[PDB]
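Data first, discussion second: the structure below is written as structure tokens.
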Amino acid sequence: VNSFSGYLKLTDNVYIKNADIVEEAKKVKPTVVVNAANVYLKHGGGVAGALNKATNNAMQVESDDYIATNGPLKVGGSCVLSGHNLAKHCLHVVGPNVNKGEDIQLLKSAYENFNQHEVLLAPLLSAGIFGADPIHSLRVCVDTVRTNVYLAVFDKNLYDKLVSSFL
Ligand SMILES: Nc1nc2ccc(F)cc2s1
């Protein structure tokens, strides 16, 4: 048993809810929250901007030190950093950004990072301002992630379309 509440069960391991991931993280304090990161860990907008704002910019300060030491992530890659006030850990995962012309085949590689963690609170990778079709992102998630993933979908309209179209 875990602390996640109000989720619809899609599969053995994937759950979904219409929820702001910031507010969900603040309530649950999960072991792992996933950020929709870019390779520079520049948390300007979308999920990343909202998570970083909720940490009072501490996520960005930590991220800048990480990049100064290690250089940029790979598209499809990830790093584990602090979860600050939101979670124990933040798994920063880089899905491909369609609005930059990145290979959508890298979305499966991105979701494979989730398998290193038994339970995660996450957004749909490459959705929102990353430009991919969220229906596709949910299909790749279900077909790739084997650990227990609690997906927060911010937009109520999109949530209802994801559920009602799910095979
Ligand atoms: N407070 C929140 N802002 C965003 C922005 C984008 C998003 F996909 C999810 C959320 S939750």
Where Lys and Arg each count +1 and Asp and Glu each count -1, what net charge lies around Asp143 among other residues with Cβ under 15 Å from its Cβ?
0
Within region 14-167, percent of DSSP bridges classed antiparallel, to nearest 5:
25 percent
If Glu23, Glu112, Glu102 are placed from fewest to most neighbouring beta carbons inside 10 Å, the sequence is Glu23, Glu112, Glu102
Which value, in debye to the nearest 20, describes the size of the charge dipole of the chain about its Cα centre when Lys and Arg Cβ atoms bear +1, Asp and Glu Cβ atoms bear -1, and nothing else is charged?
220 debye
Setting aside same-chain residues fewer than 8 positions from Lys108, which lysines have a Cα under 18 Å from its Cα?
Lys74, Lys100
Per residue of region 4-13, what does 6.51 cos²θ - 1.76 cosθ + 1.60 with θ = phi - 60° give for ³J(HN,Hα)? Whole Hz please, x for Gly and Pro, Karplus curve as stated.
5, 10, x, 8, 8, 8, 9, 9, 3, 10
Reachable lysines from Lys161, Cα under 18 Å, same-chain residues fewer than 8 places away excluded?
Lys9, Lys17
Sort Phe154, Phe166, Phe130 by Cβ crowding within 10 Å, fewest neighbours at the top.
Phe166, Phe154, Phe130
Starting from the amide H of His89, placed 1.01 Å from N in the peptide plane, find each other amide H under 5 Å away whose residue is 5 or more places distant or on another chain.
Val32, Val33, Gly83
Sequence order, region 90-106: Karplus ³J(HN,Hα) from phi using 6.51 cos²θ - 1.76 cosθ + 1.60, θ = phi - 60°, Hz rounded, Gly and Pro as x, gives 10, 8, 7, 10, 9, x, x, 9, 4, 5, 10, x, 7, 5, 4, 4, 6
Mean separation of Cα contacts under 8 Å (at least 6 apart) over the residue count of region 1-61, i.e. the relative contact order in percent, is 21 percent
In Hz, Karplus ³J(HN,Hα) per residue of region 18-28 (6.51, -1.76, 1.60; θ = phi - 60°; x = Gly, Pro):
6, 6, 7, 4, 4, 5, 5, 4, 4, 6, 7
Hey, if you drop one equal point scatterer on each alpha-carbon of the chain and run the Debye formula without solvent, what base-10 log of I(q)/I(0) do you get at q = 0.08, 0.10, 0.13 Å⁻¹?
-0.20, -0.31, -0.55
Value of relative contact order over region 49-103, rounded to a whole percent, pairs C-alpha under 8 Å and six or more apart
28 percent
Nitroxide proxy distance, nm - points 7 Å out along Cα→Cβ at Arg146 and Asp133:
2.7 nm
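Using ideal geometry, Cβ is built from the backbone for each residue, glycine included, and neighbour counts are taken over all protein chains shown. Each value in this text was obtained by applying a stated rule to the coordinates, not by laboratory testing.
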